[PDB]
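Visitor: Please see the structure below; I have some questions.
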Amino acid sequence: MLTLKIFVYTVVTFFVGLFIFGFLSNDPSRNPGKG
Amino acid sequence: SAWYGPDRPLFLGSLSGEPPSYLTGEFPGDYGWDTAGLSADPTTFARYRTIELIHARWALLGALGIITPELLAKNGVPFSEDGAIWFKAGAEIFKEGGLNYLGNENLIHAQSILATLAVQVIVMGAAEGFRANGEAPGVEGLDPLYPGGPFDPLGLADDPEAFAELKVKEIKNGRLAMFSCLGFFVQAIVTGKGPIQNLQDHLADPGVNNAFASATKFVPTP
Amino acid sequence: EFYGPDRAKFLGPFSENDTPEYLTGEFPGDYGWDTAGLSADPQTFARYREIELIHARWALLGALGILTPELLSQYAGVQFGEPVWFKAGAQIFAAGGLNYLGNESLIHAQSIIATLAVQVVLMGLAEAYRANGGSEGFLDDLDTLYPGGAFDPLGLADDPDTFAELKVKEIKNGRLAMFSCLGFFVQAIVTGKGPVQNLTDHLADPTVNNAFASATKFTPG
Amino acid sequence: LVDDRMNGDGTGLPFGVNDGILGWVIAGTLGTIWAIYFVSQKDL
Amino acid sequence: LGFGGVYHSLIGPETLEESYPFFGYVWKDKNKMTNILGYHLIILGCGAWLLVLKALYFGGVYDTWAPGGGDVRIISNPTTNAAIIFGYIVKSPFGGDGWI
Amino acid sequence: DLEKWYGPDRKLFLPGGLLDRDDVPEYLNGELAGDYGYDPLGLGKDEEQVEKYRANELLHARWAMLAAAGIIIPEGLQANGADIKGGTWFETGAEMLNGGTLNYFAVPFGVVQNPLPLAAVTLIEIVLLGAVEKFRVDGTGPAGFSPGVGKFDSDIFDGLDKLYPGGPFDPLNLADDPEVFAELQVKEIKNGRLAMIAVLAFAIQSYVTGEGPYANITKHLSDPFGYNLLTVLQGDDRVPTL
Amino acid sequence: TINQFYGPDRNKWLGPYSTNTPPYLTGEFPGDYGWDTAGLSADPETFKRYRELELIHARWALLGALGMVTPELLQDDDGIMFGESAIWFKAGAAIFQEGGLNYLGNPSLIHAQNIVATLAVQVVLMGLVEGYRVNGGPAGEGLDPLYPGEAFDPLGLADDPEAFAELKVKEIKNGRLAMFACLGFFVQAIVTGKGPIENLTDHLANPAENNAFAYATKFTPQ
Ligand code: CHL
Ligand code: CHL
Ligand code: CHL
Ligand code: CLA
Ligand code: CLA
Ligand SMILES: CCCCCCCCCCCCCCCCCC(=O)OC[C@H](CO)OC(=O)CCCCCCCCCCCCCCCCC
Ligand SMILES: CC1=C[C@H](O)CC(C)(C)[C@H]1/C=C/C(C)=C/C=C/C(C)=C/C=C/C=C(C)/C=C/C=C(C)/C=C/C1=C(C)C[C@H](O)CC1(C)C
Ligand SMILES: CC1=C[C@H](O)CC(C)(C)[C@H]1/C=C/C(C)=C/C=C/C(C)=C/C=C/C=C(C)/C=C/C=C(C)/C=C/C1=C(C)C[C@H](O)CC1(C)C
Ligand SMILES: CC1=C[C@H](O)CC(C)(C)[C@H]1/C=C/C(C)=C/C=C/C(C)=C/C=C/C=C(C)/C=C/C=C(C)/C=C/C1=C(C)C[C@H](O)CC1(C)C
């Protein structure tokens, strides 16, 4: 059950890091209009 | 942030004043910090520059090699009694178990200090002789201080502007690491514990667990 | 060979390419070891070499004076106040005093203040004459580093072709003497015993009794 | 005790970790994603 | 405060940069917005230290955990342990921990 | 720098939206130091009466600064542990009435028993103060040897400017530049007005509470709700409102 | 006169036995007794910066030499005024005592307890002072970096040129004497564990044996 916790923690940390750094990566610039 | 040219950041800020004339900011890490004056001669400046960079790299390696094993021992790696703290790591070879890497008995397991010192002397002497000569078997003529080639396999130093910025990054990381290495040297003889142990003791109560707790340790006694 | 661009160097072939341009090799004892670059300016190079030569001769005196009383005490049987070199200064404080051969009829000094005073005045005059290079007729000449006259009674200062050769010999074994006396200084603090005493303990068992056995004595607590 | 549990619930464990390996994998995953983002920022 | 607010709403200056550059600000001036944020952060820090001063020196704050059923207790030696405080801020929000 | 304190666009005693720029009296046009346009009563009259009262204001300002320091510092030393014997300002004269004498505390090597009696102190004070106040109006001083200029003669005060005499009174210089001189003049008059307000506060607080201002501030910082004007005006306490 | 310590025939570091003065050491600057045996001031910029930091060390050593003995000189018969912290090398522990660091033993003066706060105040004030010294500030910007003398010298003195030069060499000689005294204070503190004034009293009690030779065997590696 410890390795299940390790796997779930790794998965959650991975997806949260994707969320955070994707919104960091120039997110207001993805618009069809100017600015 | 314009680390070169005449408008580079200086060693004291707006209160620094005019930097020395020979410190034109051409070389990385040029803040003008030469208040002693041991770089008036350009040859002496070059020798001290390569000495400083070699010290920097050796200090990055040394600082990481001091910090890692004590954290590993605190994180479950079976460093037995004194291999965790750097100034007792050399004491591991005079026991029966020897240098057991990562606490594993069948890893390294070395007990001949004479032989390991000998092979270090020949190997490192060959390495430093190749470095000092600037020419090695299989290596052509190139920059002695910043060779690249086989020493930069990734080859991400090809761009000149990125190379200069990374040179500034390298010298600043080096200065920080060698400041930290002298911190380790002074902190070991003053406290008697590892640097991570000192950090953990300081984080418990920083009011009393500071450098002033050992200010009265070395007082002379009649 | 020891002179010119084909001279011996401090890293052998490893010193072939990167050699400082001001290490021409005209000056004796030149192996090209100025990798820290303290001697770019040849006036400070001249200063550094005269301090180097003075230290070389001084450490030749020192290294011959460290070994001689202890070798005479162990391998010749003569008794002294203390043949240990770092404990040979306190024997003037003993009731017997300081004896040159262990006999009270030789030297037999008891006044550390008086012997310090006479040593200071004699060596102050000698070193002031050396630094000034003589004055008022007597010894008001020469090069104040390799004098010759009034200092070479055996006539070996002549024949410059071999004179430079044993000058290189002088600098080389003076460097050996400085290295040996630094070893004496470090061995005094670490082992706490005389140099040939540690040598004799080394010959009994070189496997265990070495410098690494006492390497744990300076660990912080 | 008839069965084995970690018993890590409660006690105010930081980020819920009861072993150092959990904090290490969290830090390693964040560092890997940060390194990828940093070396691959600004669309290269 | 109501007099001041009514004054600036009715007959106050319309815009502040042309007369009071210290109080004038545009929304795109990140330096000016961070300056205002820093002023308010210093004010909030002084506000928290006001409660700290009251608890430490002005003999206040009611401890319900005092023996006998609670009492107004002047607090001596508050626990300023960084590991402790950050442990409260990073613990779970559920029943066993309760977060904050 | 200088425009903020001089000229038509200067800091007034009321802001622009609360006071129009033409509501300032015509004799206060921002040419003197500390000009805030504050004169609700008809006391300034004209510019020459304003200049004449400026001398009184500056003398009272400097005397009030010396005052405020002389009330705060010795009482604080006495309350903190120095052997002052009369640090409180409204009772320091009663310690020399019969035979007593004030101990002088020249920090850090303080505590000295002065042997001059009250009669000698009063006589020398009247003599010296009359001499300096007569020299101020006449503008004549016999001797010299000031750090500003080495051994100045008597013919140096003549031709100087009254109420601001440079030279022997300026050992540290830092006032020959007119702009920083004017800014420092504004600083001096504002500090003097603050000192006047402070010493009036010291007198009124002493009459109300019966203790010195240092005791007042220390007790207020110890308990602000338990010791203030409201508390000292009340008396002992009130019955709790239950 | 001035020619006794500024001309080519000035007094030197060896008297009449000093005909080997280096050629770049002529007699333009204060002091200048021809003592350059090491020869490491050969570069003029290095020599100038050495002289600047030498005079800084001289002023600091004058202040330190006069300040280490003043509490020990003002110490009373038994020690109400100063406790254990009457001696200079154990004066810092005065911040850790129960009463606090009083100036002359009374609570009305200083009475500081926070060594961290006083070190932070020291760091800020001294950083500002040193930045103003090497750049310029409220005192003066374009002044002489070694002899400003317009706000720090308001008592005249440095107005007549020959007098200013004579007091300049007075300053450098007193500073060198104070440096020698401070080094003596350090070494005496290391080997005796007693204050300089009480060491002087023990030496005056019996100079036959109360000398450094009484402590010559202290550092013997037993
Ligand atoms: C930069 C290299 C280096 C340094 C700093 C040290 C430092 C140390 N080794 Mg060591 N070693 C080094 C290289 C090597 N050692 C060994 C083999 C051993 C053994 C077998 C043992 C030691 C031990 C010790 C410690 C002795 C206790 C002491 O004096 O603590 C107080 C001193 C300090 C905390 C710091 C002192 C150094 C610092 C001031 C650096 C100053 C600059 C350098 C001297 C520059 C020159 C470096 C050159 C010579 C490599 C000590 C901290 C002993 C030990 O751990 O005992 C418990 C021990 O048993 N060493 C080898 C051969 C493989 C080395 C090869 O390079
Ligand atoms: C006429 C002869 C004469 C002589 C011989 C000297 C000699 C000296 N002068 Mg001097 N002077 C002389 C005349 C004059 N001087 C001056 C003015 C000055 C000044 C202003 C200064 C000197 C200084 C010096 C010294 C510079 C070298 C030094 O420090 O060596 C080092 C000395 C030695 C090596 C001597 C040996 C010492 C040793 C026996 C002591 C014991 C050693 C330990 C036991 C070892 C311990 C090791 C471990 C265990 C710790 C030196 C001893 C300088 C100095 O250093 O002043 C303090 C200096 O600043 N002189 C004047 C006035 C114009 C003179 C006029 O005639
Ligand atoms: C030049 C400055 C300076 C010097 C020489 C000293 C020296 C000393 N302080 Mg100290 N302090 C100094 C500055 C400061 N101290 C303090 C605060 C304290 C406290 C709170 C305490 C001390 C204590 C001590 C003593 C520790 C016992 C000992 O044997 O130490 C080693 C001494 C020697 C080996 C003698 C030789 C000294 C020599 C190596 C120093 C000069 C060269 C340095 C390498 C320069 C270092 C950089 C500069 C900028 C300081 C010691 C004599 C302690 C004490 O007195 O305990 C009884 C103590 O409790 N100091 C502050 C902050 C306000 C300082 C700020 O500048
Ligand atoms: C006895 C040592 C000594 C001597 C002979 C001099 C001499 C000189 N100094 Mg100097 N100075 C000294 C120590 C000394 N200084 C120290 C320790 C500091 C650090 C605080 C300074 C910092 C300093 C600065 C910043 C400047 C000078 C300047 C000068 C020159 C002219 C002004 C002057 O001070 O005349 C000397 C007049 C005297 C009456 C001798 C002083 C005797 C003192 C007052 C005895 C009392 C000491 C006291 C107990 C110590 C408490 C310290 C406290 C005052 C801070 C002159 C050649 C100025 C200059 O460069 O000229 C252009 C200048 O800019 N000095
Ligand atoms: C968010 C608060 C705030 C801010 C940013 C401003 C800003 C401004 N006011 Mg203003 N004002 C305020 C509140 C505020 N006011 C309140 C509550 C009142 C009622 C008393 C006034 C009444 C007022 C008038 C009558 C005028 C201004 C004017 C001005 C402008 C000129 C500069 C100035 O400060 O004038 C000066 C304002 C004062 C001196 C008020 C006193 C403030 C003191 C120093 C208290 C310091 C605050 C301290 C931290 C305590 C905070 C309260 C605490 C209990 C929490 C300026 C842009 C002038 C203007 O509009 O120009 C045309 C002007 O005519 N204000
Ligand atoms: C159990 C303990 C509980 C308490 C601990 C909680 C720690 C939380 C610390 C997070 C704070 C970091 C703020 C960065 C936010 C994004 C900045 C950015 O937009 O960043 C982007 C920015 C672009 O300019 O770049 C930059 O300025 C670089 C700045 C970012 C700094 C990088 C972080 C250090 C990297 C270390 C790597 C870990 C490596 C893997 C270790 C493996 C161990 C086995
Ligand atoms: C610039 C300038 C200018 C001005 O003007 C003047 C002056 C002052 C002169 C200057 C400055 C200078 C400085 C700062 C210096 C410093 C240095 C350092 C710090 C070094 C160290 C340096 C340091 C270093 C290298 C270090 C290194 C380290 C090492 C190797 C370690 C190793 C190890 C390890 C891993 C662990 C184990 O277990 C043990 C051992 C084996 C032991
Ligand atoms: C080259 C180079 C180049 C690079 O680049 C850089 C660098 C690094 C700088 C370099 C190097 C250098 C070095 C090596 C140095 C060292 C030195 C020494 C060791 C000396 C000694 C030196 C030494 C010496 C003098 C010594 C001496 C001794 C003596 C006197 C002794 C005496 C004695 C005796 C008899 C005996 C008795 O019982 C005691 C006594 C009485 C005590
Ligand atoms: C010229 C020449 C030439 C040739 O050729 C080469 C050569 C050899 C390089 C040369 C020589 C040199 C020399 C002699 C050097 C020496 C120096 C010194 C001694 C310094 C000190 C210097 C010294 C010094 C600064 C000092 C300072 C001091 C101080 C701050 C103090 C402080 C203090 C006090 C008040 C008191 C308290 O309670 C404590 C404390 C806090 C601690």
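Ordering of the structure tokens sets the chain letters (A, B, ...), residue numbers begin anew at 1 in every chain, and ligands are numbered from 1 in the order given.
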Write out, as CSV, each residue of chain D that has an atom at most 8 Å from ligand 6, together with the closest pair of atoms and their distance in Å to one decimal, counting only C-alpha atoms and all ligand atoms, rows going by chain and rising number.

Guide:
residue,atom,partner,partner_atom_place_in_ligand_line,distance
D:14,CA,ligand 6,1 (C),5.8
D:15,CA,ligand 6,1 (C),6.5
D:17,CA,ligand 6,1 (C),7.7
D:23,CA,ligand 6,1 (C),5.8
D:24,CA,ligand 6,44 (C),5.6
D:25,CA,ligand 6,44 (C),6.9
D:27,CA,ligand 6,41 (C),5.5
D:28,CA,ligand 6,42 (C),3.9
D:29,CA,ligand 6,40 (C),7.0
D:30,CA,ligand 6,38 (C),6.5
D:31,CA,ligand 6,38 (C),3.7
D:32,CA,ligand 6,40 (C),6.0
D:34,CA,ligand 6,32 (C),7.0
D:35,CA,ligand 6,37 (C),7.3
D:37,CA,ligand 6,21 (C),7.8
D:38,CA,ligand 6,25 (O),6.3
D:41,CA,ligand 6,23 (C),7.9

Visitor: Keeping only N, CA, C and O atoms, write the selected residues as a PDB file, in the first residue's frame.

Guide:
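File produced: again-v7.pdb:
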ATOM      1  N   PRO D  14       3.323  16.775   7.153  1.00  0.00           N
ATOM      2  CA  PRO D  14       3.439  17.776   6.082  1.00  0.00           C
ATOM      3  C   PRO D  14       3.160  17.164   4.719  1.00  0.00           C
ATOM      4  O   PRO D  14       3.737  16.139   4.349  1.00  0.00           O
ATOM      5  N   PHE D  15       2.206  17.769   4.005  1.00  0.00           N
ATOM      6  CA  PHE D  15       1.714  17.296   2.707  1.00  0.00           C
ATOM      7  C   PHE D  15       1.236  15.846   2.763  1.00  0.00           C
ATOM      8  O   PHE D  15       1.140  15.176   1.731  1.00  0.00           O
ATOM      9  N   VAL D  17       2.885  13.327   3.934  1.00  0.00           N
ATOM     10  CA  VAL D  17       3.926  12.325   3.730  1.00  0.00           C
ATOM     11  C   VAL D  17       4.294  11.699   5.070  1.00  0.00           C
ATOM     12  O   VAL D  17       4.369  12.378   6.102  1.00  0.00           O
ATOM     13  N   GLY D  23       8.196  12.608  -0.241  1.00  0.00           N
ATOM     14  CA  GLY D  23       8.700  13.949  -0.475  1.00  0.00           C
ATOM     15  C   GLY D  23       9.744  13.979  -1.572  1.00  0.00           C
ATOM     16  O   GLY D  23       9.788  14.913  -2.377  1.00  0.00           O
ATOM     17  N   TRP D  24      10.576  12.935  -1.640  1.00  0.00           N
ATOM     18  CA  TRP D  24      11.595  12.875  -2.681  1.00  0.00           C
ATOM     19  C   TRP D  24      10.982  12.707  -4.066  1.00  0.00           C
ATOM     20  O   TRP D  24      11.441  13.339  -5.021  1.00  0.00           O
ATOM     21  N   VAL D  25       9.946  11.873  -4.210  1.00  0.00           N
ATOM     22  CA  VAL D  25       9.359  11.714  -5.540  1.00  0.00           C
ATOM     23  C   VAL D  25       8.563  12.956  -5.922  1.00  0.00           C
ATOM     24  O   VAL D  25       8.515  13.319  -7.103  1.00  0.00           O
ATOM     25  N   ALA D  27       9.379  16.088  -5.030  1.00  0.00           N
ATOM     26  CA  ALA D  27      10.401  17.050  -5.430  1.00  0.00           C
ATOM     27  C   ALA D  27      11.026  16.674  -6.766  1.00  0.00           C
ATOM     28  O   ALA D  27      11.290  17.547  -7.597  1.00  0.00           O
ATOM     29  N   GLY D  28      11.256  15.380  -6.997  1.00  0.00           N
ATOM     30  CA  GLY D  28      11.835  14.948  -8.258  1.00  0.00           C
ATOM     31  C   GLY D  28      10.913  15.168  -9.439  1.00  0.00           C
ATOM     32  O   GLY D  28      11.358  15.579 -10.512  1.00  0.00           O
ATOM     33  N   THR D  29       9.615  14.905  -9.260  1.00  0.00           N
ATOM     34  CA  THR D  29       8.661  15.132 -10.341  1.00  0.00           C
ATOM     35  C   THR D  29       8.519  16.618 -10.647  1.00  0.00           C
ATOM     36  O   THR D  29       8.514  17.015 -11.822  1.00  0.00           O
ATOM     37  N   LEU D  30       8.421  17.457  -9.606  1.00  0.00           N
ATOM     38  CA  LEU D  30       8.368  18.901  -9.831  1.00  0.00           C
ATOM     39  C   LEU D  30       9.642  19.407 -10.492  1.00  0.00           C
ATOM     40  O   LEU D  30       9.586  20.256 -11.388  1.00  0.00           O
ATOM     41  N   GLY D  31      10.799  18.891 -10.074  1.00  0.00           N
ATOM     42  CA  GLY D  31      12.049  19.308 -10.683  1.00  0.00           C
ATOM     43  C   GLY D  31      12.171  18.877 -12.129  1.00  0.00           C
ATOM     44  O   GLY D  31      12.692  19.620 -12.959  1.00  0.00           O
ATOM     45  N   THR D  32      11.685  17.676 -12.454  1.00  0.00           N
ATOM     46  CA  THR D  32      11.722  17.210 -13.835  1.00  0.00           C
ATOM     47  C   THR D  32      10.824  18.055 -14.730  1.00  0.00           C
ATOM     48  O   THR D  32      11.234  18.459 -15.828  1.00  0.00           O
ATOM     49  N   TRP D  34       9.804  21.134 -14.120  1.00  0.00           N
ATOM     50  CA  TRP D  34      10.384  22.472 -14.174  1.00  0.00           C
ATOM     51  C   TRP D  34      11.589  22.523 -15.100  1.00  0.00           C
ATOM     52  O   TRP D  34      11.776  23.506 -15.820  1.00  0.00           O
ATOM     53  N   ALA D  35      12.426  21.484 -15.085  1.00  0.00           N
ATOM     54  CA  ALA D  35      13.585  21.446 -15.968  1.00  0.00           C
ATOM     55  C   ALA D  35      13.163  21.372 -17.429  1.00  0.00           C
ATOM     56  O   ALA D  35      13.739  22.063 -18.278  1.00  0.00           O
ATOM     57  N   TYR D  37      10.295  22.441 -18.683  1.00  0.00           N
ATOM     58  CA  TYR D  37       9.706  23.736 -19.013  1.00  0.00           C
ATOM     59  C   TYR D  37      10.770  24.813 -19.186  1.00  0.00           C
ATOM     60  O   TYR D  37      10.661  25.663 -20.075  1.00  0.00           O
ATOM     61  N   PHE D  38      11.808  24.796 -18.346  1.00  0.00           N
ATOM     62  CA  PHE D  38      12.836  25.830 -18.404  1.00  0.00           C
ATOM     63  C   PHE D  38      13.704  25.680 -19.644  1.00  0.00           C
ATOM     64  O   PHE D  38      13.959  26.660 -20.354  1.00  0.00           O
ATOM     65  N   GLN D  41      11.416  26.557 -22.776  1.00  0.00           N
ATOM     66  CA  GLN D  41      10.562  27.731 -22.708  1.00  0.00           C
ATOM     67  C   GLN D  41      10.719  28.592 -23.961  1.00  0.00           C
ATOM     68  O   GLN D  41      11.597  28.366 -24.801  1.00  0.00           O
TER      69      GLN D  41
END

Visitor: Residues of chain C near chain G: apply a cut-off of 12 Å, count only C-alpha atoms, and supply the list as a PyMOL selection string.

Guide: chain C and resi 38-52+84-93+111-114+116+124-136+140+143-144+185-194+217

Visitor: Which polymer residues have any atom within 12 Å of an atom of residue 108 (chain C), counting only C-alpha atoms, with same-chain residues fewer than 2 positions away left out, as a list in words?

Guide: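 The residues that qualify are residues 80, 81, 91, 92, 93, 94, 95, 96, 97, 98, 99, 100, 101, 102, 103, 104, 105, 106, 110, 111, 112 and 115 of chain C.
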
Visitor: Those selected residues, please, written with C-alpha atoms and delivered as an mmCIF file, in the first residue's frame.

Guide:
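What follows is the written file again-v9.cif:
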data_model
loop_
_atom_site.group_PDB
_atom_site.id
_atom_site.type_symbol
_atom_site.label_atom_id
_atom_site.label_comp_id
_atom_site.auth_asym_id
_atom_site.auth_seq_id
_atom_site.Cartn_x
_atom_site.Cartn_y
_atom_site.Cartn_z
ATOM 1 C CA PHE C 80 72.601 15.840 25.014
ATOM 2 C CA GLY C 81 70.131 17.947 26.953
ATOM 3 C CA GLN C 91 67.003 22.797 27.749
ATOM 4 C CA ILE C 92 68.501 26.214 28.533
ATOM 5 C CA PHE C 93 65.867 26.423 31.300
ATOM 6 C CA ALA C 94 67.112 23.250 33.009
ATOM 7 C CA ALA C 95 69.353 23.270 36.071
ATOM 8 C CA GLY C 96 72.257 21.832 34.083
ATOM 9 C CA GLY C 97 71.903 24.307 31.228
ATOM 10 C CA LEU C 98 72.697 24.031 27.526
ATOM 11 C CA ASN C 99 75.785 21.968 26.662
ATOM 12 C CA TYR C 100 77.316 21.670 23.197
ATOM 13 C CA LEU C 101 78.330 17.999 23.533
ATOM 14 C CA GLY C 102 76.537 17.137 26.769
ATOM 15 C CA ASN C 103 79.614 18.322 28.689
ATOM 16 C CA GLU C 104 79.343 21.217 31.142
ATOM 17 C CA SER C 105 82.797 22.472 30.072
ATOM 18 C CA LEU C 106 81.478 23.493 26.625
ATOM 19 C CA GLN C 110 72.155 29.791 31.494
ATOM 20 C CA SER C 111 70.964 33.260 30.355
ATOM 21 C CA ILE C 112 68.328 33.154 27.615
ATOM 22 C CA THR C 115 72.075 34.887 24.446
#

Visitor: Tell me which protein, DNA and RNA residues are within 8 Å of region 141-148 of chain F, counting only C-alpha atoms, leaving out same-chain ones fewer than 6 positions away, and put them as a PyMOL selection string.

Guide: (chain F and resi 135+154+157+167-173) or (chain G and resi 154-156)

Visitor: Go ahead and save the residues from that selection, with N, CA and C atoms, as a PDB file, in the first residue's frame.

Guide:
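Full text of out_20.pdb as output:
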ATOM      1  N   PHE F 135      25.564  91.150  22.735  1.00  0.00           N
ATOM      2  CA  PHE F 135      26.389  90.952  21.550  1.00  0.00           C
ATOM      3  C   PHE F 135      25.543  90.614  20.329  1.00  0.00           C
ATOM      4  N   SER F 154      37.776  90.801  15.843  1.00  0.00           N
ATOM      5  CA  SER F 154      36.501  91.392  16.228  1.00  0.00           C
ATOM      6  C   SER F 154      35.755  91.982  15.039  1.00  0.00           C
ATOM      7  N   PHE F 157      32.012  90.165  12.585  1.00  0.00           N
ATOM      8  CA  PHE F 157      30.563  90.165  12.724  1.00  0.00           C
ATOM      9  C   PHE F 157      29.932  91.339  11.990  1.00  0.00           C
ATOM     10  N   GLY F 167      30.041  81.936   9.246  1.00  0.00           N
ATOM     11  CA  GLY F 167      31.432  82.112   9.585  1.00  0.00           C
ATOM     12  C   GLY F 167      31.802  81.424  10.883  1.00  0.00           C
ATOM     13  N   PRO F 168      31.973  82.210  11.950  1.00  0.00           N
ATOM     14  CA  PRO F 168      32.307  81.617  13.256  1.00  0.00           C
ATOM     15  C   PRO F 168      31.217  80.723  13.819  1.00  0.00           C
ATOM     16  N   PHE F 169      29.964  80.925  13.420  1.00  0.00           N
ATOM     17  CA  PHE F 169      28.858  80.090  13.864  1.00  0.00           C
ATOM     18  C   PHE F 169      28.629  78.888  12.961  1.00  0.00           C
ATOM     19  N   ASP F 170      29.475  78.684  11.953  1.00  0.00           N
ATOM     20  CA  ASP F 170      29.350  77.567  11.018  1.00  0.00           C
ATOM     21  C   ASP F 170      30.677  76.821  10.970  1.00  0.00           C
ATOM     22  N   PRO F 171      30.955  75.974  11.966  1.00  0.00           N
ATOM     23  CA  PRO F 171      32.225  75.234  11.952  1.00  0.00           C
ATOM     24  C   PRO F 171      32.266  74.125  10.917  1.00  0.00           C
ATOM     25  N   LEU F 172      31.123  73.530  10.583  1.00  0.00           N
ATOM     26  CA  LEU F 172      31.067  72.394   9.675  1.00  0.00           C
ATOM     27  C   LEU F 172      30.774  72.801   8.239  1.00  0.00           C
ATOM     28  N   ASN F 173      30.701  74.108   7.964  1.00  0.00           N
ATOM     29  CA  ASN F 173      30.380  74.678   6.649  1.00  0.00           C
ATOM     30  C   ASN F 173      29.020  74.130   6.233  1.00  0.00           C
TER      31      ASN F 173
ATOM     32  N   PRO G 154      37.559  69.634  10.428  1.00  0.00           N
ATOM     33  CA  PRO G 154      37.064  71.008  10.583  1.00  0.00           C
ATOM     34  C   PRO G 154      37.851  71.868  11.562  1.00  0.00           C
ATOM     35  N   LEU G 155      39.004  71.407  12.046  1.00  0.00           N
ATOM     36  CA  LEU G 155      39.806  72.152  13.010  1.00  0.00           C
ATOM     37  C   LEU G 155      41.063  72.736  12.373  1.00  0.00           C
ATOM     38  N   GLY G 156      41.005  73.046  11.081  1.00  0.00           N
ATOM     39  CA  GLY G 156      42.152  73.604  10.395  1.00  0.00           C
ATOM     40  C   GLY G 156      43.242  72.578  10.166  1.00  0.00           C
TER      41      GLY G 156
END

Visitor: May I ask for the distance between CA of residue 163 (chain F) and CA of residue 55 (chain F), given in Å to one decimal place?

Guide: 6.5 Å

Visitor: Enumerate residues in contact with ligand 1: an atom-to-atom distance of at most 8 Å, counting only C-alpha atoms and all ligand atoms. Format the result as a PyMOL selection string.

Guide: (chain B and resi 62+86-94+113+116-117+120+182+184-189) or (chain C and resi 212-220)

Visitor: Between C:25, C:83, C:137, C:206, which one has atoms that come closest to chain B, using only C-alpha atoms?

Guide: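 Smallest separation from chain B among the options: C:206.
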
Visitor: Kindly give the distance, in Å, that separates atom 13 (C, counted along the ligand's line) of ligand 5 and CA of residue 4 (chain E), rounded to a single decimal.

Guide: 5.5 Å

Visitor: Throw together the list of residues within 8 Å of ligand 8, counting only C-alpha atoms and all ligand atoms, and drop it here as a compact mmCIF listing (two decimals) with C-alpha atoms, in the first residue's frame.

Guide:
# COMPACT_ATOMS: atom_id res chain seq x y z
CA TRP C 33 57.07 26.91 -12.07
CA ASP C 34 55.25 30.24 -12.00
CA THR C 35 51.74 28.99 -12.71
CA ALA C 36 50.34 31.46 -10.15
CA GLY C 37 52.05 34.38 -11.92
CA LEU C 38 53.65 36.23 -9.01
CA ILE C 54 68.30 33.27 1.31
CA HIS C 55 65.58 30.82 2.40
CA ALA C 56 67.33 27.99 0.54
CA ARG C 57 70.62 28.58 2.37
CA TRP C 58 68.81 29.10 5.68
CA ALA C 59 66.92 25.83 5.29
CA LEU C 60 70.16 24.07 4.38
CA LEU C 61 71.48 25.24 7.77
CA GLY C 62 68.18 24.26 9.38
CA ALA C 63 67.98 20.79 7.84
CA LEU C 64 71.57 20.05 8.78
CA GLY C 65 70.88 21.28 12.32
CA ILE C 66 67.68 19.29 12.83
CA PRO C 83 68.16 15.68 20.87
CA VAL C 84 64.55 16.49 19.95
CA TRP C 85 64.74 19.66 17.88
CA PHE C 86 61.43 21.18 19.00
CA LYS C 87 62.35 20.49 22.63
CA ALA C 88 65.98 21.66 22.28
CA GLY C 89 65.10 25.26 23.14
CA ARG C 175 64.75 23.58 -2.36
CA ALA C 177 66.19 21.47 2.29
CA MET C 178 63.18 23.82 2.41
CA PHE C 179 60.87 20.89 1.61
CA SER C 180 62.55 18.75 4.28
CA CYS C 181 62.32 21.48 6.91
CA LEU C 182 58.64 22.06 6.12
